[PDB]
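Just one chain follows, in the form deposited in one PDB entry, and it is written as structure tokens.
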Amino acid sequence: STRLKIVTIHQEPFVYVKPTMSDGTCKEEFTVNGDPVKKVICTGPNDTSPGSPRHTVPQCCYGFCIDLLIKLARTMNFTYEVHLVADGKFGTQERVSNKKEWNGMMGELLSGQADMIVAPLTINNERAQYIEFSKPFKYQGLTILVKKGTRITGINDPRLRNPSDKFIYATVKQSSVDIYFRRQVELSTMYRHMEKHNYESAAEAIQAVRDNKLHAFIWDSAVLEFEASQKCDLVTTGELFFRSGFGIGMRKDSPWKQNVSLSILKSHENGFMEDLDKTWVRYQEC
């Protein structure tokens, strides 16, 4: 047959992306619990500035989602090669013209550039119309990241709901959170604010909060709580204002879809997913 083309995206703690060593290999490291980190070679663009050519190079990937990939490949006995999504985005469907196209990892899966998405990819109605999602490998939701000492109560705070240019907030472009705010007309006031300020990646937005250039970042709680556990100048506020899960993504014709989902269920039930939590997600605390 053929090896599965896996597409993923940079998103700590789920996918870390690091340079290879000079000899093209990945440096040996150990987890916080002393076990060797499993690393895979993942090719992807080094340059990520919008509107520029994309120069692809081998890189090193590891983390929660890479461990999960390796488990799935062992369980179901497939081989794979991993690459990073070329445009750096999760995936939304946008109007061009009356045509609509998917970008991001969604676009790569639908075009055949990937056969499976293994990433913190949110399950939503828009994507589920086009692709098959596994049962969720992670249950989480949305929350709000701010600089420690910034006082907002959460999604209903007046500085969010009656916004101005004095208090700037945003999410990641072409992401499930962008879709969420665009879909709900009751959020249209917030969507019009965020649209002026959305970031190309989660990492850049998080750094912007640290740098007092972005006052609140609205994003996945599985990511934001991890950052707040590691960086004591950052905190989340308001707890989950909307719940969602991450799933493995495949085309609707995929022969793997049934057994991927059963494997996810089995891993929740036998403690494997909790092991991944203890290794990658929940181990610091400020």
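Take the two forms, superpose them, and find the largest set of C-alpha atoms that agree within 1.5 Å; that set is the rigid core. The first residue of the shown sequence is 1; numbering continues from there.
- For the cut-off of one third of the other compared entries, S52 qualifies: that many or more give it no coordinates while modelling its flanks.
- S97 is a gap in at least a third of the other entries compared, counting only those with both neighbours built.
- Going from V96 to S97, the model skips 1 to 3 deposited residues, which lack coordinates.
- Stretch comparison (232-240 versus 252-260) by mean CA B-factor in the PDB entry places 232-240 on top.
- Higher mean CA temperature factor, per the PDB entry, when comparing 120-128 with 69-77: 69-77.
- Note on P136, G154, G88, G91: the highest value goes to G154, judged by CA B factor as recorded.
- The PDB entry assigns the greatest CA B-factor among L224, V32, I41, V37 to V32.
- In this PDB entry, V7 carries a Cα temperature factor that places it within the lowest third of its chain's modelled residues.
- Sort the modelled residues of the chain by CA B factor and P13 lands in the lowest third.
- Among the modelled residues of the chain, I179 sits in the middle third by CA temperature factor in this PDB entry.
- For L109, the recorded CA B-factor ranks within the lowest third of the chain. Only modelled residues enter the ranking.
- Annotation for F167: C-alpha temperature factor in the highest third relative to the rest of the modelled chain, per the entry.
This next part talks about the form deposited in another entry, which is not shown.
- Residue showing a CA shift of 2 Å or more between this form and the one not shown (rigid core superposed; candidates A114, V82, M194, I131): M194.
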